[PDB]
Amino acid sequence: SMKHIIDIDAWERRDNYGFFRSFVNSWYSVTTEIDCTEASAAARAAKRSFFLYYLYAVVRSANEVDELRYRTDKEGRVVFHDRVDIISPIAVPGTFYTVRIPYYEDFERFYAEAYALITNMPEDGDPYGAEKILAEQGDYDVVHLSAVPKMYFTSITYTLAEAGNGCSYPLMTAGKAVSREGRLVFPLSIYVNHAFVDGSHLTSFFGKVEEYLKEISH
Amino acid sequence: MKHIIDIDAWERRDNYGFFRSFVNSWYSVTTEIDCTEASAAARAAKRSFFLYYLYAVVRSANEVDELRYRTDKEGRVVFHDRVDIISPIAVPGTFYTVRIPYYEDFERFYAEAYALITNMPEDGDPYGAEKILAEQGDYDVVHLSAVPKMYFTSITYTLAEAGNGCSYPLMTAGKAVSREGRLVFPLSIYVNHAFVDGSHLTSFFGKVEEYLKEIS
Amino acid sequence: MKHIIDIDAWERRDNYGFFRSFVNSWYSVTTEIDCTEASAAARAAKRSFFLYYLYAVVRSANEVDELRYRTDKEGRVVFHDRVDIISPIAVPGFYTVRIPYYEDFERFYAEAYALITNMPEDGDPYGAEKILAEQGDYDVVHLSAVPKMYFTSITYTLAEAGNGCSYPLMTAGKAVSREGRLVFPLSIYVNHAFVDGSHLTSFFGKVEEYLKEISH
C-alpha cells in the first residue's frame with residue numbers, strides 16, 4: 001500500500017531489472033541464522049508469543065529495506081510500496097489458515113493486533129481467502145512467512161511458479177530454535193527476486209531482524 | 001501394493017490441483033541428524049555406517065504415508081504401501097545405482113543390502129536403475145546419494161520437466177562432523193509440495209534419528 | 001587452450017546424455033571452509049582477505065578438470081586448460097572484473113589489486129557478461145563476495161530451460177567461529193552433467209589447503 005509506479009528511466013536498478021527479465025527464474029533464496037537468546041527468554045518471561053516477536057522483527061525489517069518492497073504487479077509494472085504487511089499460515093486444529101497481519105512500528109500496537117488476528121480467526125473464513133484476495137488485487141504488497149518451529153533446517157528451497165515469473169512476493173521460512181555454544185539461534189530463510197534484491201540488501205535485512213529481536217526483549 | 005488414489009475422497013485434492021500449475025512444485029530441506037551412537041556402534045560391529053543410515057532413511061519413508069505418493073507416468077496419483085531405496089554405489093576409477101529392498105527387520109535388511117552392494121555387475125550403466133524405473137513408470141522407490149567425505153549445509157536438486165520437477169523423493173547424506181561433543185551428519189531431501197508438507201518432513205527426520213539410535 | 005571433447009571417447013558420456021533432457025541439470029552445494037590461519041595472515045599483512053580466498057578458489061578450479069568443462073555457444077562440450085575468475089566489485093554509489101589465475105600468490109595479489117583499482121568509472125555492470133556471451137566460450141568461474149552476510153544456504157538463477165547456467169557460480173559469506181575455529185560458508189553452482197560430489201569434494205579440499213598454504 002502507498003504505492004508508487006516506478007519511473008524506470010530514473011531507477012538505479014533499471015539495468016538489473018532488464019537483465020533478469022530474460023531468466024526462467026531470477027528468484028533465489030538465502031538461509032541464515034538469527035540469534036534469539038534474549039528474545040526467547042524475554043517472550044517466555046512475558047508469557048507472550050515468540051512467533052510474534054520474530055514476526056515483528058521480520059516485518060519491521062522489510063519495512064526498513066526499500067528493495068524488499070519492490071514488486072512486479074499483475075500487469076507487469078514495477079511498483080514500490082511505502083508499506084507492506086505480512087501474511088502467515090497459522091496452524092489450525094486438525095490444516096492452516098492464512099492471516100494478513102499489519103505492520104506497526106510500535107511493538108505494543110503490532111503485538112495486540114496480531115495476537116487478536118491469530119487467536120480470533122473467523123470460523124466461516126476461507127483459510128486461503130487472504131491469498132486469493134491478494135492475487136485478484138494484483139499488488140502483492142506483503143511478505144509471506146511460514147513458521148515451522150519444530151523443524152531445524154540449514155536450507156530450504158521454494159517453488160518456481162511460471163517461467164519468467166518465479167514468484168509474486170518475498171517468501172520466508174522460520175525454523176526451530178536450537179542451542180549452540182551458549183546461544184539460542186533459529187534458521188531464517190528468504191526468497192527474493194535478483195531483479196530487486198542483492199546480497200547487500202539481504203545483509204541489511206538480516207541485521208535488522210536480529211537487532212529488533214534484541215530491542216523488543218529489553 | 002500400488003493404489004490408484006480416489007482423488008475426490010483425498011484430503012490433499014486441493015493441494016495437488018494447486019501445485020500442478022507450477023513449473024516446479026518440488027522443494028528440498030537440509031537438516032542435521034545426530035548419529036553419535038550409530039557411528040560408534042557401526043565401528044564396534046565392523047559394519048557399514050552407510051547401511052545403518054540407509055536403513056533409518058528407508059524405514060522412515062515407509063512410516064510417513066505422504067512420502068509414498070507418486071505421480072505415475074500416466075499422470076495418475078498413486079500410493080505405494082512399500083517403497084524400496086536406490087543408491088549410487090561408488091566404483092573406483094564412476095558409480096553404479098543399486099535397488100535395495102526395505103525390510104523392517106534390520107538384520108535381513110543389512111544382509112540383503114550388503115550382498116547387493118558387494119556383488120555389483122562390472123559392466124554397469126551408472127543410471128541403469130533409473131532407466132528401468134522410468135520405463136515402468138510407478139516410481140515405487142526413494143533415492144539416496146551418499147557423500148561421506150563432503151560436509152554441507154545445503155544442496156539443491158535438478159528440475160526434470162516443467163510441471164513435473166522430479167519423479168520420486170531424492171536425498172543426500174553428507175559427512176559426519178563434531179558438534180559440542182556429539183556427532184551429526186547433514187541430511188537433505190527433495191519432495192513434491194503437492195504431496196509433502198513441513199510436518200511430514202519433521203516426522204520423517206525424527207524417525208531417521210530415532211531409528212539410527214534404535215539399531216545401535 | 002580450448003579443447004572440443006570427443007564425446008564418444010569421453011568417460012562422462014553417460015552423464016551428459018542422462019542430463020541433456022533436463023530443464024535444469026545444475027545444482028548447488030554450500031559447505032564450510034576453515035579460514036583461521038588465512039584470516040589472521042591477511043589481517044597481519046593489512047591485506048585483502050577477499051583476494052586470499054579468491055586465489056584459493058581460482059587455483060582449485062584450475063586443478064579440478066571437471067570444473068573447466070563448458071557447453072559453448074554452439075552446443076559443443078569444451079574443456080579449458082585454464083579459467084579466469086570474474087567477480088562483481090562494489091563501486092562507490094558494481095563492476096564485474098575478470099582476474100586471471102597466477103600460481104605465484106604475490107603476483108596474483110598484485111595483479112588482482114591492480115585490476116580492481118583500474119575499473120572503468122563508466123563501466124557496464126554487465127559488460128563482462130556481454131563480452132563472455134558474444135565470445136561464447138565461458139572460460140571463467142564467477143564468485144560473489146558477501147563478507148558481512150552469514151548463510152548456510154544460497155540458491156541460484158535458472159537462465160533457460162535446458163541451459164540453466166553458462167559457467168560455475170560461487171558465493172562466499174561471513175567468517176564465523178565454530179568449535180574453536182574460524183570458518184566461512186562457500187557455495188558453488190555446477191552442472192551435474194560435468195561435476196559430481198567427488199569433484200566438489202576435491203575442490204573444497206583444495207580451497208582449504210591453499211588458504212592455509214598462502215598464510216604460510
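What the entry reports as its method is X-ray crystallography, with 1.59 Å given for the resolution.

Chain C is annotated in the PDB entry as Chloramphenicol O-acetyltransferase of Bacteroides uniformis dnLKV2.

Identification of chain A as Chloramphenicol O-acetyltransferase from Bacteroides uniformis dnLKV2 is taken from the PDB entry.

Peer 1: Summarise the overall build of chain C; cite the residues concerned and give the values.
Peer 2: When its secondary structure is counted, chain C shows six helices and 11 strands. The C-alpha radius of gyration computed for chain C amounts to 17 Å, which stays within 12% of the reference 17 Å derived for 216 residues, consistent with globular compactness. Projected onto the principal axes, the alpha-carbon positions of chain C cover approximately 50 × 45 × 30 Å.

Peer 1: Quick one: what's the story with the packing of helix α3 (residues 49-61) of chain C against helix α4 (residues 105-117) of chain C, residue by residue and with numbers?
Peer 2: All names here are of chain C. Where α3 contacts α4, the two axes come as close as 10 Å, and the packing angle between them is 115°. Judged by the sense of rotation from one axis to the other, the crossing of α3 with α4 is right-handed. Only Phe105, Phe108, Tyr109, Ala112, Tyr113 and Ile116 of α4 make contact with α3, whose side of the interface consists of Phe50, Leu51, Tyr52, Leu54, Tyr55 and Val58. Its residues assigned to classes, the contact of α3 with α4 comprises 12 nonpolar, no polar and no charged.

Peer 1: Run through the environment of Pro102(A), naming residues and quoting values.
Peer 2: All names here are of chain A. Residue position: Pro102 is located in the loop between β6 (96-101) and α4 (107-119). Once the C-alpha coordinates of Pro102 and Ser155 are considered, the two residues, 53 residues apart in sequence, prove to be 28 Å apart. Residues within four places of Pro102 in sequence aside, it is in contact with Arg83, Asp85, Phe110, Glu113 and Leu117.

Peer 1: Tell me about the interface of chain A and chain C, and name the residues and values.
Peer 2: Contacts between the two partners involve 27 residues from chain A and, on the opposite side, 18 residues from chain C. When the two sides are added together, the surface that chain A and chain C hide from each other amounts to roughly 1,800 Å², 58% of it contributed by carbon and sulfur. The interface formed by chain A and chain C contains one salt bridge. Between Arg178(C) and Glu33(A) there is a salt bridge whose closest N-O contact spans 3.6 Å. Put simply, chain A and chain C have 11 residue pairs in polar contact between them.

Peer 1: Before we move on, can you summarise the side chain of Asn25(A) with the specific residues and values?
Peer 2: When you line up the elements, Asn25(A) lands in the loop between α1 (14-21) and β2 (27-35). In this structure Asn25(A) comes out as buried when scored by relative accessible area, which is 8%. A distance of 2.9 Å separates a polar atom in the side chain of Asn25(A) from the backbone nitrogen of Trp27(A). A distance of 3.2 Å separates the side chain of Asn25(A) from the side chain of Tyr191(A), its partner in a polar contact. Here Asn25(A) is in contact with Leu160(A), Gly166(A), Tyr191(A), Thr157(C) and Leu158(C), once residues within four sequence places are set aside.

Peer 1: So what about the interface of chain C and chain B? Which residues, and what values?
Peer 2: The partner chain B presents 22 residues to the 27 residues of chain C that form the contact. Both faces combined, the contact of chain C with chain B buries some 1,900 Å², and carbon together with sulfur accounts for 60% of it. The largest contributions to the chain C side of the interface with chain B come from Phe18(C), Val23(C) and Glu179(C), which together make up 23% of the buried area. The interface formed by chain C and chain B includes zero salt bridges. The tally of links from chain C across to chain B stands at 10 residue pairs in polar contact. Listing elements by their share of the side of chain C that touches chain B, those giving two or more residues are α1 (13-20), β2 (26-34) and α6 (197-214) of chain C. No other element matches β2(C), which puts seven residues into the side of chain C that touches chain B.

Peer 1: Would you mind going over unusual backbone geometry in detail, with residue names and values included?
Peer 2: Non-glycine residue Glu181(A) carries a positive phi angle of around 45°. With respect to the helices and strands, the residue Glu181(A) is situated in the loop between β10 (178-180) and β11 (183-193). Exposure remark for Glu181(A): the relative accessible area of 42% places this residue in the partly exposed category. The phi angle at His216(C) is positive, at roughly 60°, despite the residue not being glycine. Structurally, the position occupied by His216(C) is in the segment after α6.

Peer 1: Explain the sheet that holds strand β4 (residues 77-80) of chain C residue by residue, including any values.
Peer 2: All names here are of chain C. Across the sheet, three strands lie side by side as β1-β4-β3; this open sheet has antiparallel pairing. With one partner strand each, in any of the chains shown, β1 (2-4) and β3 (69-71) form the two edges of the open sheet. The average angle at which neighbouring strand axes cross in this sheet is 35°, direction not considered. Sheet topology places β3 next to β4; three bridges connect them, and they run antiparallel. For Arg70, the partnering residue across the bridge sits in β4 and is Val78.

Peer 1: Break down the pairing of strand β9 (residues 169-172) of chain C for me, citing the residues and quoting the values.
Peer 2: Residue and element names in this part refer to chain C. Side chains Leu169 and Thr171 project from β9 onto one buried face, and the interleaved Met170 and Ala172 project onto a second face that is buried too. Here β9 runs beside strand β11 (residues 181-191); their pairing, made up of four bridges, is antiparallel. When the bridges of β11 are listed, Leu169 appears paired with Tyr189.

Peer 1: With reference to specific residues and values, describe the side chain of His143(B).
Peer 2: For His143(B), the location among the structural elements is in strand β7 (residues 141-146). Those residues in contact with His143(B), other than ones at most four positions away along the chain, are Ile86(B), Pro88(B), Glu130(B), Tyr168(B), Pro169(B), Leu170(B) and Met171(B).

Peer 1: How would you summarise the packing of aromatic side chains if you had to cite specific residues and measurements?
Peer 2: A full pass over the atoms with the stated rule returns 73 aromatic pairs over all chains. The interplanar angle of 40° and the centroid separation of 5.9 Å between the aromatic rings of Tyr69(C) and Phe194(C) together place this pair among those described as tilted. Note on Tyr69(C): relative accessible area 15%, which makes it buried. The ring of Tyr211(B) has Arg59(B) lying over it, and the distance from NZ or CZ to the ring centre is 3.8 Å. It is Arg47(C) that lies over the ring of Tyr109(C); its NZ or CZ is 4.6 Å from the centre.

Peer 1: Describe in detail the pattern of salt bridges, supporting the description with residues and values.
Peer 2: Once their charged atoms are close, side chains differing in charge can pair, the charge on each being opposite to the other. All names here are of chain A. Inspection of the entire model under this criterion finds 54 salt bridges over all chains. Linking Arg60 and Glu105 is a salt bridge whose minimum nitrogen-to-oxygen distance equals 3.9 Å. A salt bridge links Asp85 to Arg100; the nearest nitrogen and oxygen atoms lie 2.8 Å apart. We classify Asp85 as buried; its relative accessible area is 7%. Counted as one network, the salt bridges with shared partners bring together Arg60, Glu64, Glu105, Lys208 and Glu215.

Peer 1: Describe the sheet that holds strand β3 (residues 70-72) of chain A, naming the residues involved and giving the relevant values.
Peer 2: All names here are of chain A. The sheet built from three strands is open, its strands ordered β1-β4-β3 with antiparallel pairing. Both outer strands of the open sheet, β1 (3-5) and β3, are each paired with one neighbouring strand and no more. Across this sheet, the average inter-strand angle for adjacent strands is 30°, counted without regard to direction. Taken together, the three bridges between β3 and strand β4 (residues 78-81) define a ladder with antiparallel strand orientation. Opposite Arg71, over in β4, you have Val79 as the bridge partner.

Procedures and definitions
Residues numbered from 1 in each chain as written, not as in the entry; some residues may be left out. Chains lettered and ligands numbered in written order. Heavy atoms only, no water. Residues with missing side-chain atoms left out of burial classes, pairs and counts. Helix = DSSP H or I, 4+ residues; strand = E, 2+ residues; numbered from the N terminus. Rg over C-alpha atoms; globule rule 2.2 N^0.38 Å. Axes fitted to C-alpha atoms, helices over the stretch in contact; angles between N-to-C directions. Left-handed = near helix turned anticlockwise from the far one by under 90°. Contact = heavy atoms within 4.5 Å. Nonpolar A, V, L, I, M, F, W, Y, C, P; charged D, E, K, R; others polar. Buried area = accessible area lost by both parts, 1.4 Å probe. Salt bridge = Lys/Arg side-chain N within 4 Å of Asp/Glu carboxyl O. Polar contact = N/O pair within 3.5 Å; in protein donor to acceptor, adjacent residues only side chain to side chain. Buried < 20%, exposed > 50% of the residue type's maximum accessible area, 1.4 Å probe, protein only. Pairing = 2+ DSSP bridges. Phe/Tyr/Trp six-rings, centres within 6.5 Å; stacked < 30°, edge-to-face > 60°. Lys NZ or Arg CZ within 6 Å of the ring centre and 35° of its normal.

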